[PDB]
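Novice: dropping in the first section of the assembly, placed as in the complex:
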Amino acid sequence: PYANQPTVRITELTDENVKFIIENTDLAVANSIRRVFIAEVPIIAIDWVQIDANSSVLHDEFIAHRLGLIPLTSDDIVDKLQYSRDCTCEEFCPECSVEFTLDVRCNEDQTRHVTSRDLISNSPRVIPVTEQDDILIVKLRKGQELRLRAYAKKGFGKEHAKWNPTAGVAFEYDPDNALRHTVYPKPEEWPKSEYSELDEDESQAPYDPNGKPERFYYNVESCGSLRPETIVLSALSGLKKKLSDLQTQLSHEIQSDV
Amino acid sequence: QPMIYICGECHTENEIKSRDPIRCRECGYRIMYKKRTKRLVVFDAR
Amino acid sequence: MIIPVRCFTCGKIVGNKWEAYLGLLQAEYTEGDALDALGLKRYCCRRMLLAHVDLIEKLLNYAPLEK
């Protein structure tokens, strides 16, 4: 009648990914934590692009699109920012947005690469993530230019895929299918998983009817917008917040019925 | 009141009048390109 | 035309990889060696550079209409 106690065992932690194992929880809890990695984690991404001038070969909406998908360092600001549509400001402010300015004219015979470095924030914490090279926004011939002001705002992955912090969330349970959820026609042809523990003589594990899905293996690779562990912390906090608001509306409706 | 057009091949700019034959001053090139508007544009980055 | 900023399936930031990919091709690597030298394990991120055509370099030959 109550919730089982899950537990976490982290196998590695890198600045790109985090790889961990959640034991003693249900399948739907585990899938939902994956889906909240993909969608419900809020980050900071550009959403309001004002093109002051443009002479580049790419048109305006293509440049605003490419400025959308640039990841921004939002490791601690996104907990402080309000959602833009929730703020009481005069339609933009530093409490719900981060200002960016790009001002590039090519005055040379070399093809000048307007990269992500030319995005200049007023907030020193929210900067584009780019060791690695910068993200190419637009190339420029001599004579061409672009000037724009771009406001970034808090949002999450259901709204648009530019607010998705994860590169990839690998998720697997029962890597030798003792549960036999998937039924291979010829299990000899099938490669073993990374988490398989059977010897090379054996193809798949023996079936147990009394088993249930547990020991969920995750590999959460971030795109750079968040550290891969604060994706998981923000996801758990967001799922608990969604459930708490659902409980508050539930209490209101029960008090309305009685 | 004059409209500024960009002179096609010349890539320079010049004024134009109502009921004015469309000619550049540099080489008389016949194709003008109207400059980009001065009012604001705003794109949702979606 | 220009390189996509994100891989379409994953969302892996692949837009910063293209010039380094050209550098690793001209430094006499194979394409498969250049991709995982850039660190693209998933094949959906490998098709994003392996089958890109950098068409904007053709578009920059033409003189800009506005000046």
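Specialist: Done, it's in. Residues are numbered from 1 along each chain as shown, chains lettered A, B, ... in the order given.

Novice: around chain B, pick out the residues from the stretch 151-258 of chain A.
Specialist: Within reach of chain B by Cβ under 8 Å from any Cβ of the partner chain, the stretch 151-258 of chain A has these residues: A:160, A:162. Yep, even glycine has a C-beta here, placed from its N, CA and C like the rest.

Novice: find the closest residue to chain C in the stretch 151-258 of chain A.
Specialist: Residue of the stretch 151-258 of chain A nearest chain C, by Cβ to the nearest Cβ: residue A:167 (4.2 Å).

Novice: what ranges do the strands span in chain B?
Specialist: B:5-6, B:13-14, B:33-34, B:43-44 (DSSP state E).

Novice: quick one: the first one near chain A?
Specialist: I take that to be strand B:5-6. No. Strand B:5-6 lies apart from chain A when judged by Cβ under 8 Å from any Cβ; the minimum separation is 10.5 Å.

Novice: give me the number of residues near residue 18?
Specialist: The chain I'm using is chain A. Residue A:18: 21 surrounding residues under other Cβ atoms under 10 Å in any protein chain shown.

Novice: actually chain C
Specialist: Residue C:18, neighbours per other Cβ under 10 Å, totals 20.

Novice: which phi and psi does it have?
Specialist: phi -70, psi -40 (degrees, to the nearest 10).

Novice: who's in contact with it?
Specialist: Contact analysis of residue C:18 by Cβ atoms under 8 Å, 6 or more residues apart in numbering or on different chains lists A:136, C:3, C:49, C:52, C:54.

Novice: separate out the buried members of those.
Specialist: Buried by 16 or more other Cβ atoms under 10 Å in any protein chain shown: A:136, C:3, C:49, C:52, out of the contacts of residue C:18.

Novice: against residue C:50, how distant is the closest residue to residue A:144 other than its chain neighbours?
Specialist: In space, and not counting its chain neighbours, residue A:144 is closest to residue A:55: 4.1 Å by Cβ to Cβ, 6 or more residues apart in numbering or on different chains. For residue A:55, the distance to residue C:50 equals 32 Å [Cβ to Cβ, to the nearest Å].

Novice: kindly report the same for residue B:46.
Specialist: For residue B:46, the distance to residue C:50 - Cβ to Cβ - is 28 Å.

Novice: could you also fit chain D onto it:
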Amino acid sequence: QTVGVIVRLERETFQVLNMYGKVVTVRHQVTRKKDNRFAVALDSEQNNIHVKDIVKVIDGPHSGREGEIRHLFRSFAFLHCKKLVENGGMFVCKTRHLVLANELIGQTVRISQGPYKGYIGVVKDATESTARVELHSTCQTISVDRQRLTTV
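Specialist: Once chain D is put in with the chains from before, the structure reads:
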């Protein structure tokens, strides 16, 4: 300032009866006013009257006649009568002597409140309450309250 009613069609002129009762002779090149066939007027006894209403004249210069309302003014009403041979039957009386027998359009606005906050658009249609905004970003025209809009 003063409307008229044609009472005779001629070769190069019109004979026109105004709200004053003065039959005039004017050129073909007067303007056609949009007629208000749903306009309301009040008689001397505060009853609602309209066009095609048979009304009696109880006061004024035409007191005693009875005519049909053909056109309406703010304070004048034109009456037709087939028995009265003058002016094709038309005359005029004041209505109180009778008895029954936007700015925001095309203005670049910015939604400053709500789910579409921060979008720049152009107002297509506008009312007292709401206004339709052609959004510059999306391929879609959506309607918002005027309290949510802020012009540039």
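
Novice: number of nearby residues for residue A:224?
Specialist: 22.

Novice: so what's it up against?
Specialist: Per Cβ under 8 Å, 6+ apart, neighbours of residue A:224: A:71, A:73, A:129, A:130, C:13.

Novice: what ranges does the stretch 151-258 of chain A have for its strands?
Specialist: A:166-172, A:216-222 (DSSP state E, counting those that start in this stretch).

Novice: circling back: which one of the contacts of residue A:224 is nearest to chain B?
Specialist: residue A:71 (13.0 Å).

Novice: for the closest one, which non-adjacent residue is spatially closest?
Specialist: Residue A:71 sits nearest to residue A:225 (Cβ to Cβ, 6+ apart), 3.9 Å away.

Novice: tell me the contacts of the spatially most central residue of chain A?
Specialist: Nearest to the mean C-alpha position of chain A, by Cα atoms, centre = their mean, lies residue A:165 at 1.9 Å. Residues near residue A:165 by Cβ under 8 Å, 6+ apart: A:37, A:41, A:43, A:71, A:157, A:222, A:223, A:225, A:226, A:231.

Novice: quick one: which of those residues is most hemmed in?
Specialist: Busiest of those [other Cβ under 10 Å] is residue A:222, holding 30 neighbours.

Novice: for the closest residue in space to it that isn't next to it in sequence, what are its contacts?
Specialist: Nearest non-adjacent residue to residue A:222, counting by Cβ to Cβ, 6+ apart: residue A:228, 4.2 Å away. Going by Cβ under 8 Å, 6+ apart, residue A:228 touches A:13, A:14, A:15, A:16, A:17, A:18, A:220, A:221, A:222.

Novice: distance of residue A:228 from residue A:15?
Specialist: The gap separating residue A:228 from residue A:15 is 8 Å, by Cβ to Cβ.

Novice: one step back: quick one: buried ones out of the contacts of residue A:228?
Specialist: Buried residues within those, counting neighbours by 16+ other Cβ under 10 Å: A:17, A:18, A:220, A:221, A:222.

Novice: kindly report the residues of chain C close to chain A.
Specialist: So far as Cβ under 8 Å from any Cβ goes, chain C lies against chain A at C:1-7, C:10-13, C:15-20, C:42, C:56-57, C:59-60, C:62-64, C:66-67.

Novice: now for chain E:
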Amino acid sequence: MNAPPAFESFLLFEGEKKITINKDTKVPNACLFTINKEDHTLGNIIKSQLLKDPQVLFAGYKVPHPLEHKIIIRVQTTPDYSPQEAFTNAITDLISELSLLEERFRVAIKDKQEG
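Specialist: Okay, here's chain E dropped in alongside the others:
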């Protein structure tokens, strides 16, 4: 053109209840919980937690349509035990195990980054 705006997945409007309880009339002690502006990422966990009560006789959810953002969670519990009580215990049990999971994840991070 007819593209629904992107905030239709999760933002409610004036005159939309987040949750709507409708007492089922076919069987005793059953309710339909209509959650507006949610998806499988809520109802799947609620369904799996309601299957863990020994006193819930039926626990299901469906979306009517994937283009319209609402789910229906049907609960039938044992008599003497209200399905609203089972639902408000499922939410508390989820918040319990997720807060416990978050704290154990914090402790695992402190283990990993500090050796």
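
Novice: again for the neighbour count of residue C:18, since chain E is there now?
Specialist: The burial count for residue C:18: 20, using other Cβ under 10 Å.

Novice: now residue E:22
Specialist: 12.

Novice: outside of the helix or strand encompassing it, which residues touch it?
Specialist: Assigned by DSSP states H and E, residue E:22 falls within strand E:19-23. Residues from elsewhere that reach strand E:19-23 (Cβ under 8 Å, 6+ apart): A:246, A:249-250, A:253-254, A:257, E:30-36, E:84.

Novice: can you lay out those as JSON lines showing distance to residue A:2 and neighbour count?
Specialist: Output for those, formatted as JSON lines (distance: Cβ to Cβ, whole Å; neighbours: other Cβ atoms under 10 Å in any protein chain shown):
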{"residue": "A:246", "distance to residue A:2": "19", "neighbour count": "22"}
{"residue": "A:249", "distance to residue A:2": "23", "neighbour count": "17"}
{"residue": "A:250", "distance to residue A:2": "18", "neighbour count": "20"}
{"residue": "A:253", "distance to residue A:2": "24", "neighbour count": "17"}
{"residue": "A:254", "distance to residue A:2": "21", "neighbour count": "16"}
{"residue": "A:257", "distance to residue A:2": "25", "neighbour count": "9"}
{"residue": "E:30", "distance to residue A:2": "22", "neighbour count": "17"}
{"residue": "E:31", "distance to residue A:2": "21", "neighbour count": "19"}
{"residue": "E:32", "distance to residue A:2": "25", "neighbour count": "15"}
{"residue": "E:33", "distance to residue A:2": "20", "neighbour count": "22"}
{"residue": "E:34", "distance to residue A:2": "26", "neighbour count": "16"}
{"residue": "E:35", "distance to residue A:2": "23", "neighbour count": "22"}
{"residue": "E:36", "distance to residue A:2": "28", "neighbour count": "16"}
{"residue": "E:84", "distance to residue A:2": "18", "neighbour count": "19"}
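
Novice: which residue does chain B have closest to chain C?
Specialist: Counting by Cβ to the nearest Cβ, chain B gets nearest chain C through residue B:11, at 3.7 Å.

Novice: list the contacts of the nearest residue in space to that residue that is not next to it in sequence.
Specialist: Closest residue in space to residue B:11, ignoring its immediate chain neighbours: residue C:67 at 3.7 Å, by Cβ to Cβ, 6+ apart. Residue C:67 makes contact with A:55, A:143, B:6, B:11, B:12 under the criterion Cβ under 8 Å, 6+ apart.
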